[PDB]
Structures are given as C-alpha cells and as structure tokens.
Amino acid sequence: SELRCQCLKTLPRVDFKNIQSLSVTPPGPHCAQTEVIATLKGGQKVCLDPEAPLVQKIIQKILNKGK
Amino acid sequence: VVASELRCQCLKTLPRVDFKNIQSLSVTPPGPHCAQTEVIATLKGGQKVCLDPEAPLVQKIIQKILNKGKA
C-alpha cells in the first residue's frame with residue numbers, strides 16, 4: 001500500500017466561525033509536507049496553507065477560544 | 001447523534017508530548033457539547049491523547065508542525 005499527500009491545492013484562509021474541526025498532520029511516510037485540512041460546518045473539506053500567516057493566526061484563535 | 005458531538009472527547013489533557021511522537025492532531029473549537037478547544041494527538045502506535053490547548057509548549061509544538069517546511 002502507498003498513501004500520498006491529499007491536498008492538491010492549499011488555500012490562504014477560511015472564515016474562523018465556519019470551522020467545525022481541523023486536522024494537522026506533520027511530514028511522514030505518506031507526505032513530505034505538513035497538511036492542514038479544515039472541515040467546515042457545511043461538510044466542506046478544504047486544505048489550508050500551513051505557512052500562511054492568516055492560517056496560523058486562525059489556528060491560534062481556535063487554540064485560545066476555550067473558556 | 002454521535003458521542004463526539006455530545007460531550008468533550010478528552011478525559012484529561014497533557015501539558016506537552018514529544019513532538020516527533022505525533023502522527024496527527026485534530027483540533028476542535030468549543031461548541032454546545034464542550035466548553036474547551038480539544039487537541040487530540042494521535043501518537044505513533046495509535047494512542048490518542050489530548051493536549052492542553054493553552055499550554056505554551058503545546059502552542060509551540062503546533063507552530064513547529066505548521067513551520068516544518070519553511071527555510
């Protein structure tokens with residue numbers, strides 16, 4: 001068996017409020033790149049650019065969102 | 001319907017983990033079912049553990065992952 005990178009394209013942002021969850025996968029046997037996949041509240045799955053400052057900012061706003 | 005949308009998935013959080021142990025992370029912001037953001041790290045060998053999302057070392061780990069491919 002062989003898996004590969006599942007992102008064809010990476011996007012520069014999504015709206016914070018629309019994120020249901022994100023998965024962040026570092027490089028490994030499957031893929032040389034970190035992949036960040038946002039699942040949005042309508043079911044969409046989107047690949048985000050993990051190096052984009054807005055994407056890192058969104059991630060941070062999520063990590064910090066808890067009360 | 002499903003358990004993960006009806007309650008938090010975490011029974012407790014850790015302050016850090018060896019980052020090279022991490023195979024992947026899922027990050028879920030709070031919602032009706034859960035007051036906290038949850039960061040579930042699946043470690044090599046398959047165990048899922050939660051990381052405290054406001055631990056500085058855990059935010060630093062996630063930044064390192066995001067920045068792996070920059071020069």
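What's counted below: heavy atoms across the whole structure, side chains too, no hydrogens, waters or symmetry copies. Residue numbers start from 1 in every chain, and the chains themselves are labelled A, B, ... in the order their sequence lines are given, proteins ahead of strands.
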Contacts of A:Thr34 that satisfy side chain to side chain donor-acceptor pair (under 3.5 Å) - sequence neighbours left out: none
Among residues 9-17 of chain A, those lying within the under-4.5 Å heavy-atom range of chain B are none
Identify the residues of residues 41-50 of chain A whose heavy atoms come closer than 4.5 Å to a heavy atom of chain B, ordered by number, or report 'none'. A:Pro50
A:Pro26 to B:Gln23 - nearest heavy-atom pair and separation: CD-O, 3.3 Å
Over all atoms of both residues, closest heavy-atom pair of A:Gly66 and B:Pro30: CA-CG, 4.2 Å
With respect to chain A, which residue among B:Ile22, B:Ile40, B:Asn67 yields the maximal number of heavy-atom pairs within a distance under 4.5 Å? B:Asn67
In one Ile/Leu/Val/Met/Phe/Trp/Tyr side-chain cluster, 4.5 Å: A:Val24, A:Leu54: yes
If the contact rule is any heavy atom under 4.5 Å from chain A, which residues of residues 58-65 of chain B qualify, in numerical order? B:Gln59, B:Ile62, B:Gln63, B:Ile65
Below 4.5 Å from any heavy atom of chain B, which atoms of A:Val36 appear? Answer side chain, backbone, both or neither. side chain
